[PDB]
2 protein chains.
Amino acid sequence: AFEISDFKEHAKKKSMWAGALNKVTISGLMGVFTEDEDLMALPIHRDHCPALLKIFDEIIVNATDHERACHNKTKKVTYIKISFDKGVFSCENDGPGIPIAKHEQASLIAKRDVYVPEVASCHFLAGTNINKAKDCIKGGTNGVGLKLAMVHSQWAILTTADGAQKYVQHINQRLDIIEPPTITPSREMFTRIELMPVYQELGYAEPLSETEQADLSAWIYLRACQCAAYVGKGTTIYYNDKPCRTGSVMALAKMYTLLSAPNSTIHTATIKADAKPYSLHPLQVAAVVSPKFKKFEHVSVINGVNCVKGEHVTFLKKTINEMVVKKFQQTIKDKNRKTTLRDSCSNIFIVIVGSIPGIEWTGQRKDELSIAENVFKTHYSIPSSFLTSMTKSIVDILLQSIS
Amino acid sequence: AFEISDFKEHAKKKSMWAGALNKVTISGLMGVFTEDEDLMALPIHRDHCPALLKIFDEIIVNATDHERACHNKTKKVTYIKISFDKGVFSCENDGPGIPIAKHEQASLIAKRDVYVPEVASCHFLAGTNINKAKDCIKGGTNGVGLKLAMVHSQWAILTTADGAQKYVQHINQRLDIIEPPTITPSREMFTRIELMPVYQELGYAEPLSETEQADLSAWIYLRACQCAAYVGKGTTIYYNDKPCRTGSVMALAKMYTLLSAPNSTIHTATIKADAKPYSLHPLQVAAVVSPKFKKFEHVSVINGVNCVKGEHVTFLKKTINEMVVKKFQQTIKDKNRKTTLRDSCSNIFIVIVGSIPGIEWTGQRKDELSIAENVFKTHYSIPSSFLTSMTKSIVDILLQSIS
Ligand SMILES: Nc1ncnc2c1ncn2[C@@H]1O[C@H](COP(=O)(O)OP(=O)(O)NP(=O)(O)O)[C@@H](O)[C@H]1O
Ligand SMILES: Nc1ncnc2c1ncn2[C@@H]1O[C@H](COP(=O)(O)OP(=O)(O)NP(=O)(O)O)[C@@H](O)[C@H]1O
Ligand SMILES: [Mg+2]
Ligand SMILES: [Mg+2]
């Protein structure tokens, strides 16, 4: 039988939008746990629901998108408050709110009065990034993420104020009940999404178990730390009302390596480009090099997205490898052995944070960015001091393994 | 400005559907090249357009989906003819055709007469897999792939016959011109998609250059070889009218390793499960182990999809590693050295082909399958002879590297 579906039912049934709709093994799943005034990034060796993490992610990247959008403007985003308590998830930013105004074409379609936040939250393929510029470094592009959050919410509340009015709209039952909004005068300016996911439909206990709750809190806490490193310097990231410590890639590196390699040496670099638009967006990099690292490992926040695959990583890997091979054959008086990238890089843990204009993704989840490798070969340069430091640490480890 | 988009314009502008819409560096890009009656899988070190390869892939996986759907039936798919010539791309299968019948709800929506092939090819989120069963091993799930092919076609022709009628419909200008279909009597039974992509819009020369043409032909030829290993035994896969040789994972392994390691030993296993539905779908595996392999490498055809990431790989990796560590500490009289998965597996090239029921993906592209790791720990077993052979080859290589 041949069936025609709408966005709503499709997004509830299909994994192409946010990942699997039940618990699966997520490789590299991490969370932040507090051990006596110390943040540690630890693995979560338990299956979780990718789509569940995506609905947090979509709203968080919407907030960091607003922050970049306003950072060179008069009214800026000074904070991103994220909270997670008793299952309820909330995110609030303070730049200009979403325009409290009637959407003409959306109302013509709906045959009733529809305002912009209702389009932004309930209309698939809708937003301000349908026509993205080549220089735009927002993560958002599809006009889909927010509605993915709504469709996986038992209940949700969009609140937004623009300095003259406040606008409150309830969106319930997986986008099936869209209450008419309530518009009052207010002089506040902010955007807040507040929602309860459908934890049971997504494979979780109702309410969340002790372990599920702790795992999800740790994961969200981690995402907030990542924002705090990516976001600009006038913006505080809060999670459950505490500010997020990690405003630098060095802080992120220390967090991820607190256990494998405490008290270790952090190689740092700011990778710059010479031609606009790339020269507008330096990449911050911190790397630790340890013999007790078993494989190569990276953490990337690119355009606010915690993506796990992309040619920026390969750019750093290949550059470091070429230098490592040169100095290994120099330092070794054996002069015959041939090492490759796995030997070069398996003792490296690296953090890369920043914006890259003009990238594309392999799906809505934005797990993998898509780019020509030559973008980096043409435009970017890794500072030689960082390369030298790194090569030195790595060749030390190689020579001692063959010692 | 807040914009509302339709499927058509969205799919032309957005990379979430099929990948990047221009040329990017695709890691692991391979193609099949003929060298004097020998097929070799060689890297393509040139940027290509992921969405362009996806429109070939979508139709090819639709065909292998039909093949699985009909394999236990009376009228089977006996062939999948694929061709690529002068830019035109074509794919034809011979099971029962697409129902030549009026679609009621689609006609009610369109306010005119719409037949099932027009829904199948022009209506997003539409198909026979909107409600997939947990045991279904077709790649198709979203009701999207075929329309992605149409939207990236300057012109296309859907032809399908059901044994009493033939149905010809033209779909042109990136799904903007949908000509009314032409229905005649015929006693043939088949489905054919024939189309010209928008190579210029996707970053290519018009017409294709010598290198682009050769790269794309090699890549499609490779995909067909993969089908020929995945498809059932009554089904011939043709590419440009020649049959595709590689009906076994051993043939695939030899093709991929013809240069790095000719005349090499191929470890083979059929990984079975004991509980339905998994016991209905054995995984075929072929692996080569060579000192001149620089990193771990796999080729996977799962449910007809050439996916590149999934916990099936990790299942094999971890099992082989546990055995390799045991026998390494046994064979070594050093008895202290500790090796991990990278040491265990960096000399392995492995092919895994077959069906897995109940999997999910991370996006439409289906680059990565999503599953609980325990599915394999509970249900599947790797034959011990294969594990033993593999461990032996690997420990030989490790002992000679430390020799
Ligand atoms: N916190 C926010 N502050 C301001 N505007 C917002 C905020 N969240 C969402 N928006 C607006 O709502 C629109 C719709 O959001 P969304 O559905 O996530 O699409 P998107 O972020 O543009 N692209 P994508 O996330 O890739 O689907 C966005 O384009 C923004 O214009
Ligand atoms: N070669 C074919 N033979 C028979 N039926 C086909 C063939 N190609 C397509 N169809 C039918 O057309 C429908 C629509 O195709 P498609 O748009 O690719 O969706 P899908 O394959 O079901 N799921 P997806 O590919 O993940 O978007 C399919 O569900 C099939 O029922
Ligand atoms: Mg968004
Ligand atoms: Mg399909």
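What counts, and where the lines are drawn
- Residues numbered from 1 in each chain as written, not as in the entry; some residues may be left out.
- Chains lettered and ligands numbered in written order.
- Heavy atoms only, no water.
- Pairing = 2+ DSSP bridges.
- Helix = DSSP H or I, 4+ residues; strand = E, 2+ residues; numbered from the N terminus.
- Contact = heavy atoms within 4.5 Å.
- Axes fitted to C-alpha atoms, helices over the stretch in contact; angles between N-to-C directions.
- Buried area = accessible area lost by both parts, 1.4 Å probe.
- Salt bridge = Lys/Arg side-chain N within 4 Å of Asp/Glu carboxyl O.
- Nonpolar A, V, L, I, M, F, W, Y, C, P; charged D, E, K, R; others polar.
- Near = heavy atom within 4 Å.
- Polar contact = N/O pair within 3.5 Å; in protein donor to acceptor, adjacent residues only side chain to side chain.
- Areas by Shrake-Rupley, 256 points an atom, 1.4 Å probe, with all protein chains shown as cover.

A. Focus on the sheet that holds strand β16 (residues 297-302) of chain B. All names here are of chain B. An order of β16-β17-β15-β14-β20 is seen for the 5 strands of this open sheet, with the pairing classed as mixed. Only two strands of the sheet have a single partner each, and these edge strands are β16 and β20 (380-381). The pairing of β16 with strand β17 (residues 348-354) spans 6 bridges and is classified as parallel. Its bridge partner being in β17, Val 301 is matched across the sheet by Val 353. Packing of helix α11 (residues 384-401) onto the sheet brings it into contact with β14 (266-273), β15 (283-289) and β17, and relative to β15 it is tilted by some 20°.

B. Local environment of the interface of chain B and chain A. Each partner contributes residues to the interface: chain B has 58 residues there, and chain A has 58 residues. Three residues, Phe 2, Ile 4 and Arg 342 of chain B, lead the burial of chain B against chain A; their summed loss comes to 16% of the area buried on that side. At the junction of chain B and chain A, the tally comes to 2 salt bridges. When the shortest N-O distance is used, the salt bridge between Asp 343 of chain A and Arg 342 of chain B registers 3.9 Å. Sorting the residues of the side of chain B that touches chain A by element identifies β1 (3-4), α1 (7-13), α3 (104-110), α4 (116-122), β6 (126-127), α9 (341-345) and β18 (360-361) of chain B as the ones contributing at least two each. When grouped by side-chain class, the residues that make up the side of chain B that touches chain A number 21 nonpolar, 22 polar and 15 charged. In terms of strand pairing, strand β6 (residues 126-127) of chain A meets β1 of chain B through 2 bridges, oriented antiparallel.

C. Inspection of the site of ligand 1 at higher detail. Residue and element names in this part refer to chain A. Neighbouring residues of ligand 1: 22 residues in total, closest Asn 62, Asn 93, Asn 129, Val 144 and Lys 147. A distance of 2.7 Å separates an oxygen atom of ligand 1 from a polar side-chain atom of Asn 62. Residue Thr 141 places a main-chain N or O atom 2.9 Å away from a nitrogen atom belonging to ligand 1. Within the complex, 93% of the 590 Å² of free accessible area of ligand 1 lies under protein. Residues belonging to the shell around ligand 1 are distributed by class as follows: 6 nonpolar, 13 polar and 3 charged.

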